[PDB]
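The figures here come from the full heavy-atom set of this structure, side chains too, leaving out hydrogens, waters and symmetry mates. Letters A, B, ... mirror the listed sequences (proteins, then strands); counts begin at 1.
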Amino acid sequence: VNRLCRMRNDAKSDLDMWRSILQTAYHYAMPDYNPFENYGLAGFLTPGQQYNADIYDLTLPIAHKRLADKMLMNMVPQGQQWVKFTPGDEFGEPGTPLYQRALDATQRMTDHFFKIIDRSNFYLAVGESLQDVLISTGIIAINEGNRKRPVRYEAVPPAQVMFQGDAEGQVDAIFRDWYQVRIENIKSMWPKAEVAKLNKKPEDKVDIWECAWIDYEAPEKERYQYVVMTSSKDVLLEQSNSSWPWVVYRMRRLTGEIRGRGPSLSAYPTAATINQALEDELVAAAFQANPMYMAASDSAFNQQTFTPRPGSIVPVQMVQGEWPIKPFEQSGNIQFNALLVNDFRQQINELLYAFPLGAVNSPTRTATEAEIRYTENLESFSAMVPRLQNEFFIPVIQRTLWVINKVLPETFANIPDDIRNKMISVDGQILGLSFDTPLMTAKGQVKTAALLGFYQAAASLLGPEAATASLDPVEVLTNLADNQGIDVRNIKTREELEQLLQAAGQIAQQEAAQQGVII
Amino acid sequence: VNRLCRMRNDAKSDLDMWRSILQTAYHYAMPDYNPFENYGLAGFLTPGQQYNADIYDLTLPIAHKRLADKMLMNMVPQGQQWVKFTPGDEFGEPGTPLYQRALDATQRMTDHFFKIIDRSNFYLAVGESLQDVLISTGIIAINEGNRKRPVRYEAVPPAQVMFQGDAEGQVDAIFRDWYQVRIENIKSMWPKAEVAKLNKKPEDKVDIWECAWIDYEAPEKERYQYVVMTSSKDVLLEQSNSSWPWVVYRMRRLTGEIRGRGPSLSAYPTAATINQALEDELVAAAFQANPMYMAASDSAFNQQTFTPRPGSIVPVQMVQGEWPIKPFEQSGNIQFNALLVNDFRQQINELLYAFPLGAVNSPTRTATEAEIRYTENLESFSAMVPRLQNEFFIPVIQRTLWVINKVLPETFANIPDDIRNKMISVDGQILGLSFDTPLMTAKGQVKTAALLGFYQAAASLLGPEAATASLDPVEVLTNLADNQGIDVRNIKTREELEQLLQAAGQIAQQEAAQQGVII
Amino acid sequence: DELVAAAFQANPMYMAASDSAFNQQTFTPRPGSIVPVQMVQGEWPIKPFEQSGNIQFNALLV
């Protein structure tokens, strides 16, 4: 426990050193959803507070939101099967009869896995965490539920978590703060917590510390030490599991830091300059755009009897002493200010892969400078994204299967415990993963296209009935099905195909025998 | 009751903290439909008041209404089947004969479910709640009716409900205030209320509190406590069901707050500047656009005999004392004001996915510079919406089925109570859901396209009669029907298909035997 | 350099003998407003801050 507090205090000091830059970056990118506001209290103490009044320019907030939405649709397209379970290395080479039966089972698992995820709040939680990772770091908590909602997802605010990192930059200890949680609420989030020892009514509030760390001198099943306690060091729950609830995202990382640095953090100094420029324009327009006058005194005409009517004569003291009344002097270089603002806006847009051809008031471009500029923006965006698939979503899938095992133990029943742990931990031994996103097309269309290209050349030189004869039809059928990602149940097994092939051989032997030809 | 008053007073304090920003945000977005006006009473005290006289710029109100309308047609397109009931996990893997009979029943349930919804005020209530969620929070009440109108929907004004939140931001207590309800009205809304004990004539008005909260230490069927009482603490109804009437919507949420923050809330500071700029232009135009004159006195000409006809001579004292009569001096920079207004208008439009090509008098560009910008806005809109499907409408469907069971108990008759409750709760155990919206096309067309692509490759290498022979036709037919979302009754059952296939084999044997070939 | 220049070349600024040429605390920026201004102080009238430089030159090298 004393060691826990030393780790928590060290992780708390790191967060304090990040507060200044992260609060500023969030302010210019997501002013209304800034979790670092009010020194991390956000809306806990004073809800309904105004935050975005001094954000005059919305270029960065708009581009930041659209980039996060775009990443969500291209990485985990909702209503699509963007990941597949495949047989692991223990089942041998693909295409064998034994591998085919395992492939059928993993296709069933993939269908059931997505039915669970599609009815959860997975996409709501991922979308919020992606907006966090564009600035520094996203955190997703995956927790057990009940038979009605087996899996609960949540985007943990970055201002309420603290980290300890290992030498390689990976996270090996997480501390999450819960502010003023009711006692009755504690039992629902942590069913096995010991709340009786606190001796409090089921409406009192208490601060909760949810701690976890990697125990290096422990076996795999005890690797993650999990503790729930109060701010007065009253331990409510202690556990040791093979995983912890959280997954931590970084797009890019400066060495020696655990929290990342995303493109929206690179943009905020530019946003700060733009907002200052627009604020000056609003101040200037009040006395430069409006008709105003200079005189010795404002009594040059009577404001109360002033009559703004067509044809009206206004009594005016046209000269007062030495000075006549004149229009307020025009000053400044309005165009200069709205040349820097436009230039800096486009840098933000290019930095965040947004608005490939300017704003609405942009110069005209034909099908030449618009199609190319569109594909230039699209190609660069599609180059950044796919490398983040394994970092972001493989740990999420592994933790989801672990939760499903805990909440629905029947799903992994009648299985030896040794292979059950390997199966739940999707590592490629017994169960593997294969992502299918709009960026990484299929990897199997290439194999099929090469096979079709070979046949066209072969049939051009030797004709059909010779190119087809120089083929292993059972192997070709099985490989075409795997290349296309087809359901195994839709095609006959290898043994059925071999029996069919042998029968076709006898049919041709009898057919040829009736024409005097012996094969 | 003493605990109820503490909970309600806490929830009221949160609402009072939100009143200032929400009344301001509703003013610039929906000035005529602001529920926070007159300290929440709105039109209950004084109907027919003017609210929008000081809204000079309609950019935000137009974009706000169009976005809410656009979300309605893309999430729940009226006159279409935007959700389907499917068999739950208890029925096993899809495609089996037992699953196929459950699928026929759920398809019948879907048709009947939409007949009830299509004749109710569902779409009217959802459309109004979507306008509320674009600012902070939408609330929909789903109440029991009679056999003529089984389900009643209502968009609850956000200024008349109060919330208590759990530690994860979910609502776990709702308090709705009813202002000056007649006694005869109480019995129609809550049929089993004890109105007789009040000893009042059926025309007196009484304030009503409609309270509900989650009882954490209670079983599933008693989880939601529901109390109706008067403002003088006179309990009229007490219940404990498995659900409560309301569903609460948030698009985005700042941590620590229960009410959300939507894009229209992010836009109102910009709208405030635009409105202030336009008000100045209106003030300026009255004495800058109109022809006015400055002189020592308005007696420079006789206004009563002034004759404005062509060729007329007007007697004018062209000089009075030292000062001649001259046009009222022009001042200001009109173009400056109409450069900020247009710039801020487009930011509002981009923030709310409205008017990709700008206003009517826009700098028109070529076709491609317009088609690309149109697809930029459509793609960004189609990314935000789908993640809100489960948050908004799954609880609505579950509560609708609960009301249907209560009002029409014969619909779930001859069903064991254990499975009846699991069926009413559409949680994926016995009954699941599947959405079909213009944003998520089918998820089954991908499976069919892969199957068709595999067959084209197989028939290219091996020809027809060989690609077809290497198929499980019964499985193919059943999976094609499921992928297309087709009605099960339109196709023969698996046993009928297998009998047909067996007969087709016998036909082939006899026809081959007549040619001297034995299969 | 452009950012430094814009703060006093793009914004409307004025030169005078003293910043007491008008009262910043009671300055009223509304349409039709008359601002009391000491239009000449001693020998020097109040005038817009003098424009200088060649903005186009800088945004030709960049």
Side-chain angles (χ1 to χ4, degrees), chain A residues 50 52-56 272 275-306 308 314 316-334 337, chain B residues 20 24 54 269-270 272-284 286-288 329-334 336-337 340-341 344, chain C residues 4 6-51:
Chain A
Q50 184 182 208
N52 67 334
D54 64 316
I55 298 295
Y56 308 97
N275 278 275
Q276 189 59 61
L278 288 193
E279 189 187 59
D280 287 1
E281 292 184 23
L282 295 188
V283 175
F287 69 98
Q288 292 285 277
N290 289 336
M292 287 172 57
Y293 304 92
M294 309 186 307
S297 167
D298 61 312
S299 66
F301 50 68
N302 190 328
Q303 286 79 18
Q304 331 295 330
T305 63
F306 191 96
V314 180
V316 176
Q317 304 187 66
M318 286 162 50
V319 177
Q320 286 178 306
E322 292 178 330
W323 304 328
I325 180 176
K326 54 169 48 56
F328 204 93
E329 289 173 353
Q330 290 287 305
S331 183
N333 195 343
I334 303 171
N337 228 14
Chain B
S20 179
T24 303
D54 66 320
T270 306
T273 292
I274 299 172
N275 276 279
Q276 185 60 71
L278 285 194
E279 188 189 59
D280 284 7
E281 289 182 7
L282 294 191
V283 176
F287 69 95
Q288 293 291 277
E329 207 151 5
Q330 293 285 301
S331 180
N333 196 341
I334 303 170
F336 189 11
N337 230 10
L340 292 176
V341 166
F344 279 6
Chain C
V4 175
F8 69 96
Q9 296 288 280
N11 292 336
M13 286 166 56
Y14 303 92
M15 310 185 309
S18 172
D19 64 310
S20 70
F22 49 68
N23 191 333
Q24 286 83 14
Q25 307 302 313
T26 69
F27 192 96
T28 304
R30 319 267 64 245
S33 172
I34 305 173
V35 180
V37 178
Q38 306 187 64
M39 286 162 41
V40 179
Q41 286 182 302
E43 300 179 331
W44 303 334
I46 179 171
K47 51 171 48 56
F49 203 96
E50 207 149 7
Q51 294 282 303

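Rounding to the nearest 0.5 angstrom, the gap separating the CZ atom in C:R30 from the CZ atom in A:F287 is 13.0 Å. The CH2 atom of A:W323 sits 7.5 Å away from atom CE of C:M39, with the distance rounded to the nearest 0.5 Å. Note that the CD1 atom of A:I325 and the CD1 atom of C:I34 stand 4.5 Å from one another [nearest 0.5 Å]. Once rounded to the nearest 0.5 Å, the distance linking CD of C:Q38 with CG of C:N23 reads 10.5 Å. Of the inter-residue distances, the one linking A:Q50 atom CD with B:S20 atom OG reads 8.0 Å to the nearest 0.5 angstrom. Considering OG1 of B:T270 and CG of B:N275, their distance stands at 11.0 Å, rounded to 0.5 Å.
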Could you pull out every donor-acceptor pair under 3.5 Å between side chains of residues 11-22 of chain C and any protein atom, sequence neighbours left out?
from  : atom 1 : to     : atom 2 : distance (Å)
C:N11 : ND2    : A:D280 : OD2    : 3.0
C:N11 : ND2    : C:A7   : O      : 2.9
C:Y14 : OH     : A:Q288 : NE2    : 3.4
C:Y14 : OH     : A:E329 : O      : 2.8
C:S18 : OG     : C:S20  : N      : 3.1
C:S18 : OG     : C:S20  : OG     : 3.0

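For C:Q24, the CD atom counts as densely surrounded, since its 6.0 Å shell holds more than 12 non-hydrogen atoms of other residues, nucleotides or ligands.
Considering every non-hydrogen atom in both A:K326 and A:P324, the closest pair reads NZ-CG, 3.4 Å.
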Just do the side chain to side chain contact (heavy atoms under 4.5 Å, CB included) check on A:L278 and B:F344 with the steps written out, would you?
-> CA-CA 10 Å; A:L278 288 193; B:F344 279 6; 4.2 Å; yes

